[PDB]
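This is final_7.txt. It holds compact mmCIF, C-alpha atoms and all ligand atoms.
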```txt
# COMPACT_ATOMS: atom_id res chain seq x y z
CA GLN K 165 23.29 -9.15 -26.35
CA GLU K 166 25.68 -12.18 -26.52
CA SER K 167 27.37 -10.33 -29.39
CA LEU K 168 28.02 -7.56 -26.84
CA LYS K 169 30.62 -9.95 -25.39
CA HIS K 170 33.11 -8.25 -27.72
CA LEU K 171 33.21 -6.39 -24.37
CA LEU K 172 35.37 -9.18 -23.01
CA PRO K 173 38.85 -7.72 -23.85
CA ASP K 174 38.22 -4.46 -22.15
CA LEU K 175 39.61 -3.74 -18.67
CA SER K 176 36.21 -2.28 -18.09
CA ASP K 177 33.86 -4.80 -16.42
CA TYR K 178 31.14 -3.77 -18.88
CA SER K 179 30.83 -7.54 -19.28
CA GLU K 180 29.99 -8.06 -15.65
CA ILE K 181 27.69 -5.03 -15.58
CA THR K 182 25.76 -6.28 -18.61
CA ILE K 183 25.21 -9.67 -16.97
CA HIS K 184 24.16 -8.05 -13.71
CA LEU K 185 21.59 -6.12 -15.75
CA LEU K 186 20.23 -9.24 -17.44
CA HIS K 187 20.22 -11.10 -14.12
CA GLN K 188 18.23 -8.34 -12.43
CA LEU K 189 15.75 -8.26 -15.31
CA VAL K 190 15.23 -12.02 -15.09
CA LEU K 191 14.88 -11.79 -11.28
CA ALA K 192 12.21 -9.12 -11.77
CA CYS K 193 10.09 -10.59 -14.52
CA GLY K 194 10.73 -14.30 -14.30
CA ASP K 195 11.77 -15.47 -17.77
CA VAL K 196 15.16 -16.01 -19.36
CA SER K 197 13.77 -15.00 -22.79
CA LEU K 198 14.99 -11.46 -22.07
CA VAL K 199 18.59 -12.58 -22.82
CA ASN K 200 17.75 -12.78 -26.52
CA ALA K 201 15.47 -9.77 -26.49
CA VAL K 202 17.58 -7.26 -24.60
CA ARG K 203 19.57 -4.99 -26.87
CA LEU K 204 22.10 -2.47 -25.56
CA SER K 205 23.69 0.09 -27.85
CA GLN K 206 27.46 -0.08 -27.87
CA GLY K 207 28.68 2.20 -25.11
CA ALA K 208 25.25 2.29 -23.54
CA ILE K 209 26.71 1.14 -20.19
CA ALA K 210 29.56 3.59 -20.53
CA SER K 211 27.26 6.50 -21.36
CA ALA K 212 25.02 5.69 -18.43
CA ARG K 213 27.89 5.55 -15.95
CA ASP K 214 29.38 8.80 -17.20
CA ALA K 215 25.99 10.54 -16.90
CA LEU K 216 25.20 9.21 -13.44
CA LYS K 217 28.65 9.97 -12.03
CA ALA K 218 27.98 13.48 -13.33
CA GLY K 219 24.70 13.53 -11.41
CA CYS K 220 22.32 13.85 -14.36
CA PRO K 221 18.55 14.22 -14.35
CA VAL K 222 16.36 11.15 -14.70
CA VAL K 223 13.02 11.41 -16.49
CA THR K 224 10.53 8.52 -16.43
CA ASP K 225 7.28 8.41 -18.33
CA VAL K 226 4.89 7.26 -15.57
CA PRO K 227 5.04 7.28 -11.77
CA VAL K 228 5.27 3.47 -11.34
CA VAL K 229 8.67 3.55 -13.02
CA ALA K 230 10.03 6.47 -11.01
CA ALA K 231 8.77 4.91 -7.79
CA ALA K 232 10.74 1.77 -8.59
CA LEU K 233 14.08 3.62 -8.87
CA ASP K 234 16.66 3.19 -6.12
CA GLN K 235 15.73 6.69 -5.05
CA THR K 236 18.23 6.89 -2.20
CA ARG K 237 21.37 5.89 -4.16
CA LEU K 238 20.36 8.21 -7.02
CA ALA K 239 19.95 11.19 -4.70
CA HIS K 240 23.38 10.48 -3.21
CA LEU K 241 24.71 10.94 -6.77
CA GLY K 242 22.76 14.17 -7.10
CA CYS K 243 20.24 12.94 -9.70
CA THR K 244 16.74 14.36 -9.71
CA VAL K 245 13.87 12.10 -10.77
CA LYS K 246 10.89 13.55 -12.70
CA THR K 247 8.06 11.98 -14.74
CA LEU K 248 6.24 13.00 -17.90
CA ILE K 249 2.78 12.63 -16.29
CA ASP K 250 1.71 12.29 -12.68
CA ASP K 251 -1.16 9.78 -13.02
CA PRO K 252 -0.76 7.47 -10.01
CA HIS K 253 -2.41 4.30 -11.25
CA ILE K 254 -0.91 3.34 -14.62
CA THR K 255 -0.62 -0.40 -14.72
CA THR K 256 -0.98 -1.37 -18.40
CA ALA K 257 -0.03 -0.33 -21.91
CA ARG K 258 -3.67 0.80 -22.41
CA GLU K 259 -3.87 2.79 -19.22
CA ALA K 260 -0.59 4.43 -20.17
CA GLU K 261 -1.56 5.27 -23.76
CA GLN K 262 -4.87 6.69 -22.58
CA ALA K 263 -3.21 8.72 -19.81
CA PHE K 264 -0.89 10.25 -22.38
CA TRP K 265 -3.76 10.89 -24.80
CA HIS K 266 -5.61 12.88 -22.13
CA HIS K 267 -2.61 15.02 -21.23
CA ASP K 268 -2.27 18.05 -23.41
CA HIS K 269 1.25 19.23 -22.84
CA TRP K 270 3.38 16.24 -21.91
CA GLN K 271 5.19 16.67 -25.24
CA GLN K 272 6.47 19.97 -23.89
CA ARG K 273 7.58 18.29 -20.66
CA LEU K 274 9.55 15.81 -22.86
CA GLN K 275 11.13 18.56 -25.03
CA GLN K 276 12.63 20.16 -21.93
CA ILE K 277 14.55 17.05 -20.89
CA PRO K 278 17.93 18.61 -20.03
CA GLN K 279 20.97 17.79 -22.15
CA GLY K 280 22.61 14.51 -21.27
CA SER K 281 19.95 13.19 -18.88
CA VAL K 282 18.64 9.61 -18.67
CA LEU K 283 15.22 8.97 -20.21
CA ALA K 284 13.51 5.81 -19.00
CA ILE K 285 10.27 4.80 -20.69
CA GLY K 286 8.63 1.74 -19.23
CA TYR K 287 4.98 1.84 -20.29
CA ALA K 288 3.89 4.00 -23.28
CA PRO K 289 5.08 3.28 -26.87
CA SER K 290 3.82 6.66 -28.03
CA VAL K 291 6.17 8.42 -25.63
CA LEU K 292 9.09 6.37 -26.92
CA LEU K 293 8.13 7.12 -30.52
CA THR K 294 7.94 10.84 -29.77
CA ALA K 295 11.23 10.77 -27.93
CA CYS K 296 12.84 9.18 -30.99
CA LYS K 297 11.39 11.78 -33.31
CA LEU K 298 12.61 14.55 -31.02
CA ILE K 299 16.08 12.98 -30.88
CA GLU K 300 16.31 12.71 -34.67
CA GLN K 301 15.17 16.31 -35.05
CA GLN K 302 17.95 17.15 -32.56
CA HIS K 303 15.70 18.86 -30.04
CA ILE K 304 16.69 16.65 -27.10
CA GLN K 305 20.07 15.09 -26.37
CA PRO K 306 19.63 12.60 -23.52
CA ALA K 307 22.61 10.66 -22.23
CA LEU K 308 20.77 7.35 -22.58
CA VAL K 309 17.29 6.06 -23.26
CA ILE K 310 16.01 2.91 -21.59
CA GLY K 311 13.00 2.14 -23.72
CA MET K 312 11.13 -0.89 -22.42
CA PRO K 313 7.41 -0.27 -22.99
CA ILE K 314 4.98 -3.04 -23.76
CA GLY K 315 4.69 -3.86 -27.42
CA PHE K 316 1.14 -4.33 -28.73
CA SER K 317 -0.26 -5.45 -32.09
CA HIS K 318 -0.21 -2.85 -34.89
CA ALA K 319 1.57 -0.42 -32.51
CA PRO K 320 4.06 2.43 -33.04
CA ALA K 321 7.29 0.86 -34.27
CA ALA K 322 8.77 2.48 -31.19
CA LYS K 323 11.42 0.03 -29.98
CA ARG K 324 12.36 -0.81 -33.58
CA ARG K 325 12.93 2.94 -34.22
CA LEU K 326 14.82 3.36 -30.98
CA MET K 327 17.36 0.67 -31.95
CA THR K 328 18.31 2.60 -35.08
CA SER K 329 19.14 5.90 -33.36
CA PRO K 330 22.31 7.92 -32.67
CA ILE K 331 21.76 8.10 -28.87
CA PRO K 332 22.86 5.29 -26.51
CA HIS K 333 19.89 3.12 -25.66
CA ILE K 334 18.80 0.02 -23.82
CA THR K 335 15.71 -1.68 -25.09
CA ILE K 336 13.86 -4.98 -25.39
CA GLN K 337 13.42 -6.08 -29.01
CA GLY K 338 9.88 -7.41 -29.14
CA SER K 339 6.58 -7.09 -27.32
CA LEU K 340 7.83 -7.65 -23.71
CA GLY K 341 7.93 -4.54 -21.56
CA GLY K 342 6.13 -2.84 -18.73
CA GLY K 343 6.30 -4.12 -15.18
CA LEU K 344 9.25 -2.47 -13.49
CA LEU K 345 11.71 -3.46 -16.21
CA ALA K 346 13.05 -0.02 -17.15
CA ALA K 347 13.51 0.92 -13.49
CA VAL K 348 15.14 -2.46 -12.83
CA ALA K 349 17.70 -1.86 -15.58
CA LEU K 350 18.53 1.65 -14.46
CA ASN K 351 18.81 0.38 -10.90
CA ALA K 352 21.32 -2.24 -12.02
CA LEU K 353 23.35 0.52 -13.63
CA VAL K 354 23.30 2.54 -10.40
CA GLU K 355 24.24 -0.30 -8.02
CA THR K 356 27.26 -1.29 -10.13
CA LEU K 357 28.55 2.26 -9.74
CA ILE K 358 27.87 2.92 -5.98
CA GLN M 165 -6.84 -22.47 -18.77
CA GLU M 166 -8.19 -23.03 -22.32
CA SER M 167 -10.05 -25.84 -20.54
CA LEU M 168 -11.74 -23.23 -18.35
CA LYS M 169 -14.12 -22.74 -21.22
CA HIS M 170 -16.37 -25.43 -19.64
CA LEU M 171 -17.55 -22.03 -18.29
CA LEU M 172 -19.32 -21.22 -21.57
CA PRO M 173 -22.80 -22.78 -20.92
CA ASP M 174 -23.28 -20.88 -17.72
CA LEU M 175 -25.38 -17.70 -17.85
CA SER M 176 -22.60 -16.37 -15.75
CA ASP M 177 -20.17 -14.30 -17.84
CA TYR M 178 -17.21 -15.94 -16.11
CA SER M 179 -16.05 -16.64 -19.69
CA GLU M 180 -15.76 -12.99 -20.60
CA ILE M 181 -14.25 -12.17 -17.19
CA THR M 182 -11.60 -14.83 -17.60
CA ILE M 183 -10.65 -13.42 -21.01
CA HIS M 184 -10.59 -9.87 -19.72
CA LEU M 185 -8.20 -11.05 -17.01
CA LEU M 186 -5.86 -12.59 -19.55
CA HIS M 187 -6.15 -9.52 -21.77
CA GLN M 188 -5.13 -7.32 -18.87
CA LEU M 189 -2.22 -9.57 -17.90
CA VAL M 190 -0.93 -9.65 -21.49
CA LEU M 191 -1.42 -5.87 -21.80
CA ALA M 192 0.62 -5.40 -18.63
CA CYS M 193 3.62 -7.65 -19.18
CA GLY M 194 3.72 -8.05 -22.94
CA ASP M 195 3.75 -11.77 -23.80
CA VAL M 196 0.90 -14.03 -24.81
CA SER M 197 2.65 -17.09 -23.30
CA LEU M 198 0.68 -16.35 -20.11
CA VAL M 199 -2.54 -17.77 -21.55
CA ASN M 200 -1.00 -21.22 -21.30
CA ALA M 201 0.63 -20.51 -17.96
CA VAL M 202 -2.36 -18.93 -16.24
CA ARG M 203 -4.32 -21.42 -14.15
CA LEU M 204 -7.58 -20.59 -12.37
CA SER M 205 -9.22 -23.06 -10.03
CA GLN M 206 -12.82 -23.72 -10.98
CA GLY M 207 -14.90 -21.04 -9.33
CA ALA M 208 -11.92 -18.81 -8.69
CA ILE M 209 -13.80 -16.06 -10.52
CA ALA M 210 -17.00 -16.80 -8.62
CA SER M 211 -15.31 -16.83 -5.21
CA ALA M 212 -13.46 -13.59 -5.95
CA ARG M 213 -16.65 -11.81 -7.03
CA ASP M 214 -18.44 -12.97 -3.91
CA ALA M 215 -15.61 -11.75 -1.65
CA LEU M 216 -15.24 -8.40 -3.41
CA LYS M 217 -18.99 -7.72 -3.40
CA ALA M 218 -18.88 -8.43 0.36
CA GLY M 219 -16.18 -5.84 1.02
CA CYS M 220 -13.46 -8.27 2.07
CA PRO M 221 -9.90 -7.55 3.20
CA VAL M 222 -7.13 -7.52 0.62
CA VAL M 223 -3.67 -8.51 1.79
CA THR M 224 -0.71 -8.18 -0.55
CA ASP M 225 2.80 -9.38 0.15
CA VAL M 226 4.70 -6.12 -0.64
CA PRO M 227 3.73 -2.43 -0.97
CA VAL M 228 4.37 -2.33 -4.75
CA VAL M 229 1.47 -4.70 -5.31
CA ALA M 230 -0.90 -2.80 -3.06
CA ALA M 231 0.10 0.49 -4.65
CA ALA M 232 -0.87 -0.99 -8.04
CA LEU M 233 -4.37 -1.98 -6.85
CA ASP M 234 -7.37 0.00 -8.04
CA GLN M 235 -7.44 1.66 -4.65
CA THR M 236 -10.50 3.83 -5.18
CA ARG M 237 -12.76 1.14 -6.72
CA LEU M 238 -11.72 -1.30 -3.98
CA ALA M 239 -12.46 1.34 -1.36
CA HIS M 240 -15.97 1.94 -2.72
CA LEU M 241 -16.61 -1.82 -2.27
CA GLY M 242 -15.59 -1.62 1.41
CA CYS M 243 -12.25 -3.38 1.04
CA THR M 244 -9.32 -2.40 3.16
CA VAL M 245 -5.89 -3.16 1.70
CA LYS M 246 -2.92 -4.17 3.86
CA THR M 247 0.58 -5.60 3.26
CA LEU M 248 2.66 -8.20 5.05
CA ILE M 249 5.75 -5.95 5.20
CA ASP M 250 5.97 -2.24 4.63
CA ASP M 251 9.47 -2.04 3.04
CA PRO M 252 9.19 0.54 0.26
CA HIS M 253 11.61 -0.60 -2.41
CA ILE M 254 11.07 -4.27 -3.30
CA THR M 255 11.65 -4.79 -7.01
CA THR M 256 12.99 -8.35 -7.54
CA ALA M 257 12.54 -11.92 -6.39
CA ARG M 258 15.85 -11.60 -4.49
CA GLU M 259 14.91 -8.26 -2.91
CA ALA M 260 11.56 -9.71 -1.84
CA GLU M 261 12.98 -12.89 -0.32
CA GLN M 262 15.59 -10.98 1.66
CA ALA M 263 13.14 -8.31 2.85
CA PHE M 264 11.04 -11.18 4.21
CA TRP M 265 14.13 -12.66 5.88
CA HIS M 266 14.74 -9.41 7.89
CA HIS M 267 11.17 -9.24 9.21
CA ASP M 268 10.55 -11.30 12.24
CA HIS M 269 6.83 -11.13 12.41
CA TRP M 270 5.29 -11.28 8.94
CA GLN M 271 4.48 -14.89 9.82
CA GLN M 272 2.13 -13.74 12.58
CA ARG M 273 0.64 -11.04 10.31
CA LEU M 274 -0.14 -13.71 7.69
CA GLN M 275 -1.70 -16.01 10.33
CA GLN M 276 -4.05 -13.18 11.32
CA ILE M 277 -5.41 -12.75 7.78
CA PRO M 278 -9.17 -12.54 8.44
CA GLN M 279 -11.52 -15.27 7.25
CA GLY M 280 -12.66 -14.97 3.65
CA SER M 281 -10.14 -12.36 2.58
CA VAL M 282 -8.20 -12.08 -0.69
CA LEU M 283 -4.51 -12.97 -0.48
CA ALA M 284 -2.36 -11.53 -3.28
CA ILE M 285 1.28 -12.51 -3.58
CA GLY M 286 3.22 -10.95 -6.38
CA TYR M 287 6.85 -11.21 -5.22
CA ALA M 288 7.88 -13.69 -2.50
CA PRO M 289 7.75 -17.48 -3.13
CA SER M 290 8.46 -18.17 0.53
CA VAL M 291 5.34 -16.25 1.55
CA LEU M 292 3.33 -18.35 -0.89
CA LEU M 293 4.76 -21.57 0.56
CA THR M 294 3.94 -20.37 4.06
CA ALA M 295 0.39 -19.50 3.08
CA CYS M 296 -0.10 -22.94 1.54
CA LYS M 297 1.17 -24.61 4.68
CA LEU M 298 -1.09 -22.44 6.84
CA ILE M 299 -4.09 -23.19 4.61
CA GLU M 300 -3.46 -26.94 4.73
CA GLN M 301 -3.06 -26.84 8.50
CA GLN M 302 -6.40 -24.92 8.38
CA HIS M 303 -4.99 -21.89 10.21
CA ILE M 304 -6.06 -19.34 7.61
CA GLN M 305 -9.11 -19.42 5.36
CA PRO M 306 -8.82 -16.84 2.56
CA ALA M 307 -11.53 -16.51 -0.11
CA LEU M 308 -8.95 -16.53 -2.94
CA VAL M 309 -5.21 -16.57 -3.44
CA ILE M 310 -3.61 -14.85 -6.39
CA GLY M 311 -0.13 -16.32 -6.24
CA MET M 312 1.98 -14.97 -9.02
CA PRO M 313 5.55 -14.60 -7.71
CA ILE M 314 8.68 -15.24 -9.68
CA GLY M 315 9.80 -18.81 -9.88
CA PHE M 316 13.53 -19.18 -9.53
CA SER M 317 15.83 -22.16 -9.94
CA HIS M 318 15.90 -24.60 -7.04
CA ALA M 319 12.96 -22.70 -5.54
CA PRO M 320 10.19 -23.66 -3.13
CA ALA M 321 7.50 -25.47 -5.10
CA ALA M 322 5.30 -22.56 -4.09
CA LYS M 323 3.03 -22.05 -7.13
CA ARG M 324 3.35 -25.78 -7.69
CA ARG M 325 1.90 -26.42 -4.15
CA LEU M 326 -0.79 -23.75 -4.51
CA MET M 327 -2.34 -25.69 -7.39
CA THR M 328 -2.66 -28.57 -4.92
CA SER M 329 -4.73 -26.59 -2.47
CA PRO M 330 -8.38 -26.49 -1.35
CA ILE M 331 -8.72 -22.69 -1.45
CA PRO M 332 -9.66 -21.01 -4.79
CA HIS M 333 -6.62 -19.62 -6.53
CA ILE M 334 -5.26 -17.95 -9.63
CA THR M 335 -1.64 -18.75 -10.41
CA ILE M 336 0.98 -18.88 -13.13
CA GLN M 337 2.33 -22.35 -13.93
CA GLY M 338 6.03 -21.68 -14.31
CA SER M 339 8.69 -19.15 -13.41
CA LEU M 340 6.96 -15.99 -14.81
CA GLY M 341 5.78 -13.59 -12.12
CA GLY M 342 6.57 -10.38 -10.30
CA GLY M 343 5.94 -7.05 -12.00
CA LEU M 344 2.41 -5.82 -11.36
CA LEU M 345 0.70 -9.03 -12.49
CA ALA M 346 -1.00 -10.04 -9.22
CA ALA M 347 -2.44 -6.55 -8.82
CA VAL M 348 -3.47 -6.52 -12.46
CA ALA M 349 -5.43 -9.77 -12.02
CA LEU M 350 -7.27 -8.55 -8.95
CA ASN M 351 -7.97 -5.28 -10.78
CA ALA M 352 -9.55 -7.18 -13.68
CA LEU M 353 -11.78 -8.90 -11.12
CA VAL M 354 -12.74 -5.50 -9.65
CA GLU M 355 -13.60 -3.76 -12.92
CA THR M 356 -15.87 -6.60 -14.06
CA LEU M 357 -17.87 -6.14 -10.88
CA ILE M 358 -18.39 -2.32 -10.83
CL CL C 401 34.27 3.64 -15.86
CL CL C 402 -1.06 18.32 -19.12
CL CL C 403 7.89 10.24 -39.20
CL CL C 404 -22.42 -12.95 -9.99
CL CL C 405 8.35 -7.46 11.86
CL CL C 406 6.24 -29.54 4.02
```
Full structure transcribed into structure tokens:
Amino acid sequence: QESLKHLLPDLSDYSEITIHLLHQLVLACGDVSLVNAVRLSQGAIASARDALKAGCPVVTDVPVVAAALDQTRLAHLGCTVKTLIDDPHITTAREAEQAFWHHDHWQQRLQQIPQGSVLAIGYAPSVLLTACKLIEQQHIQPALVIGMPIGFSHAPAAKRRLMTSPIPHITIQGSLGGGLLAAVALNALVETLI
Amino acid sequence: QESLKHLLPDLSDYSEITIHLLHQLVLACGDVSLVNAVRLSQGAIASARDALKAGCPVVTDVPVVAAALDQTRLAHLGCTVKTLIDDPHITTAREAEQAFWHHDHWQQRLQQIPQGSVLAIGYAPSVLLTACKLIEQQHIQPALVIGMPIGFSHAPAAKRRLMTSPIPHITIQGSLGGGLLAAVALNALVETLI
């Protein structure tokens, strides 16, 4: 986070973009704690911008997250938005984990994530875990993974495993997650490019 | 708060309901801090359950909050759900406050809130301030106010002024807010009644 201010000698404005992202998160959720907790892989920002400019696919885990995307701006870039499951009313880590336990083939829908797309997981730790495993096995190659699910007690070490991965990622070290946080972050990346 | 356990010698089960509500909030947003911050007026629970059983109106501030309500369960109870503005993409304290600045007439729509309804504010502090003022002037009489918007720096003392109000309320002492928290609280009150 604050270490990421090695971004300062850069020509790039990845400094300013990172702060916009933190600012939007705080303006969404209401606590400054996120500044410590938010971890962005080096070249996360850069990977995002290159993917979006290219008009990549976006894949969210639940519909709440997709519905919070700046759908208009994204479509102007040519990005499609899809979700792993279509259950309307997911509003909780539990509701999410149960929704994904009752769906038989969402793992297949995840495997098909096209090369170099953005994967944004806001609710379910199991999805994030599976996405990590798939990435390590080199079955999916997304351009970026925003993993911000809720973190419960004696959970999948999902966010902890995400941080240690080859693929650019944005995540929240710790339990905090859910809400619209993943959509909020991706939105911040799409405003700073339009 | 923790004090709300004067509810224990009660026959009532408002104890268990209060804990379920906190459990749901924590499961939604991901931090336990909320248990301190969450404040329920005495008989908030009781007033909510009476209104919901009666098939009251539910009025949220933005569409995100309504869309996160347990729409079916609420509909079986006879509750209609409406919103003060119909702008699709509100996702941030800033986005909420400005959306409410471009609408001329949400003030009238709030004044018309029917007697004994539930008022649920998840995003805009200015709406919450207005509703307090209207309640004090005795121009609206809702059954309950879930005020859980974000609290920014140099803000209206919106959630601060709610605590000072005659009408039963559930609120978050502090800045934390937004997300789906207001919907999640009302949902907890609707499950415990079905
Ligand atoms: Cl660039
Ligand atoms: Cl399925
Ligand atoms: Cl393993
Ligand atoms: Cl009762
Ligand atoms: Cl209007
Ligand atoms: Cl005043």
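Near chain M, the residues of chain K that fall inside 7 Å (using all atoms listed in the file) are residues 191, 192, 193, 194, 195, 232, 253, 255, 256, 257, 314, 315, 339, 340, 341, 342, 343 and 344 of chain K.
All residues, whether protein, DNA or RNA, that have an atom at most 12 Å from ligand CL 404 (chain C) (counting all atoms listed in the file) are residues 174, 175, 176, 177, 178, 181, 207, 209, 210, 211, 212, 213, 214, 215, 216, 217, 218, 353, 356, 357 and 358 of chain M.
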(message) Every residue with an atom at most 12 Å from (15.3, 14.0, -15.6) (file coordinates; all atoms listed in the file) is what I'm after, so could you write them as a PyMOL selection string?
(response) chain K and resi 215-216+219-225+230+238+242-248+273-285+304-309
How close does each residue of chain K get to ligand CL 402 (chain C), giving the shortest atom pair and distance in Å to one decimal for every residue with an atom at most 7 Å away, counting only C-alpha atoms and all ligand atoms, sorted by chain and residue number, as JSON lines?
```
{"residue": "K:267", "atom": "CA", "partner": "C:CL402", "partner_atom": "CL", "distance": 4.2}
{"residue": "K:268", "atom": "CA", "partner": "C:CL402", "partner_atom": "CL", "distance": 4.5}
{"residue": "K:269", "atom": "CA", "partner": "C:CL402", "partner_atom": "CL", "distance": 4.5}
{"residue": "K:270", "atom": "CA", "partner": "C:CL402", "partner_atom": "CL", "distance": 5.6}
```
(request) Pick out the closest residue to ligand CL 405 (chain C) from this set: M:198, M:266, M:185, M:171. Count only C-alpha atoms and all ligand atoms. (result) M:266
(message) If I take atom CA of residue 346 of chain K and atom CA of residue 229 of chain K, how far is one from the other in Å, to one decimal?
(response)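 Answer for the atom CA of residue 346 of chain K to atom CA of residue 229 of chain K separation: 7.0 Å.
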(message) Between atom CA of residue 321 of chain K and atom CA of residue 354 of chain K, what distance in Å does the model show, to one decimal?
(response)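 These two atoms are separated by 28.8 Å.
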(request) May I have the residues within 10 Å of ligand CL 403 (chain C), computed using all atoms listed in the file, as a list in words? (result)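 For ligand CL 403 (chain C), the residues inside 10 Å are residues 293, 294, 296, 297 and 300 of chain K.
Distances from M:349, M:295, M:226, M:336 to ligand CL 406 (chain C) were compared using only C-alpha atoms and all ligand atoms, and the smallest one belongs to M:295.
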(message) Nearest residue to residue 292 of chain K out of K:334, K:263, K:319, K:326, using all atoms listed in the file?
(response)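 Selected residue with least distance to residue 292 of chain K: K:326.
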(request) Work out how far atom CA of residue 335 of chain M is from atom CA of residue 241 of chain M, in Å to one decimal. (result) 24.0 Å
(request) Find the residue from M:200, M:302, M:236, M:272 that sits nearest to ligand CL 405 (chain C); use only C-alpha atoms and all ligand atoms when measuring. (result)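 Nearest candidate to ligand CL 405 (chain C) out of M:200, M:302, M:236, M:272: M:272.
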(request) Return the single residue from K:183, K:208, K:202, K:168 that is closest to ligand CL 401 (chain C), with distances computed using only C-alpha atoms and all ligand atoms. (result)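 The answer is K:208, which sits nearest to ligand CL 401 (chain C).
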As JSON, what would the box around segment 279-287 of chain M look like: edges along x, y and z, 3 Å added on every side, centre and edge lengths in Å to one decimal?
```
{"center_x": -2.9, "center_y": -13.1, "center_z": 0.4, "size_x": 25.5, "size_y": 10.3, "size_z": 19.6}
```
Any chance you could build segment 201-214 of chain K out to N, CA, C and O atoms and write it as a CSV table (one decimal), in the coordinates of the input?
```csv
chain,number,residue,atom,x,y,z
K,201,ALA,N,16.2,-11.0,-26.1
K,201,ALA,CA,15.5,-9.8,-26.5
K,201,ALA,C,16.2,-8.5,-26.1
K,201,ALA,O,16.0,-7.4,-26.7
K,202,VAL,N,17.0,-8.5,-25.1
K,202,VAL,CA,17.6,-7.3,-24.6
K,202,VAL,C,18.7,-6.8,-25.5
K,202,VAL,O,19.6,-7.6,-25.9
K,203,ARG,N,18.6,-5.6,-26.0
K,203,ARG,CA,19.6,-5.0,-26.9
K,203,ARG,C,20.1,-3.7,-26.2
K,203,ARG,O,19.3,-2.9,-25.8
K,204,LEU,N,21.4,-3.7,-26.1
K,204,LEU,CA,22.1,-2.5,-25.6
K,204,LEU,C,23.0,-1.9,-26.6
K,204,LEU,O,23.9,-2.6,-27.2
K,205,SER,N,22.8,-0.6,-26.9
K,205,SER,CA,23.7,0.1,-27.8
K,205,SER,C,25.1,0.0,-27.4
K,205,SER,O,25.4,-0.2,-26.2
K,206,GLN,N,26.1,-0.1,-28.3
K,206,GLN,CA,27.5,-0.1,-27.9
K,206,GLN,C,27.7,1.2,-27.1
K,206,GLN,O,27.2,2.3,-27.4
K,207,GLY,N,28.4,1.1,-26.0
K,207,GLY,CA,28.7,2.2,-25.1
K,207,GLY,C,27.4,2.7,-24.4
K,207,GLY,O,27.4,3.9,-24.0
K,208,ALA,N,26.4,1.9,-24.4
K,208,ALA,CA,25.2,2.3,-23.5
K,208,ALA,C,25.7,2.4,-22.1
K,208,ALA,O,25.7,3.5,-21.5
K,209,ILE,N,26.2,1.3,-21.5
K,209,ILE,CA,26.7,1.1,-20.2
K,209,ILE,C,27.6,2.3,-19.9
K,209,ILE,O,27.4,3.0,-18.8
K,210,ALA,N,28.6,2.5,-20.8
K,210,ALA,CA,29.6,3.6,-20.5
K,210,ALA,C,28.9,5.0,-20.5
K,210,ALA,O,29.2,5.8,-19.6
K,211,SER,N,27.9,5.2,-21.3
K,211,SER,CA,27.3,6.5,-21.4
K,211,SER,C,26.4,6.7,-20.1
K,211,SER,O,26.4,7.8,-19.5
K,212,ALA,N,25.8,5.6,-19.7
K,212,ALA,CA,25.0,5.7,-18.4
K,212,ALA,C,25.9,6.1,-17.3
K,212,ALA,O,25.7,7.1,-16.7
K,213,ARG,N,27.0,5.3,-17.1
K,213,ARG,CA,27.9,5.6,-16.0
K,213,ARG,C,28.5,7.0,-15.9
K,213,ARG,O,28.5,7.6,-14.9
K,214,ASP,N,28.9,7.4,-17.1
K,214,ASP,CA,29.4,8.8,-17.2
K,214,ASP,C,28.3,9.8,-16.8
K,214,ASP,O,28.6,10.8,-16.2
```
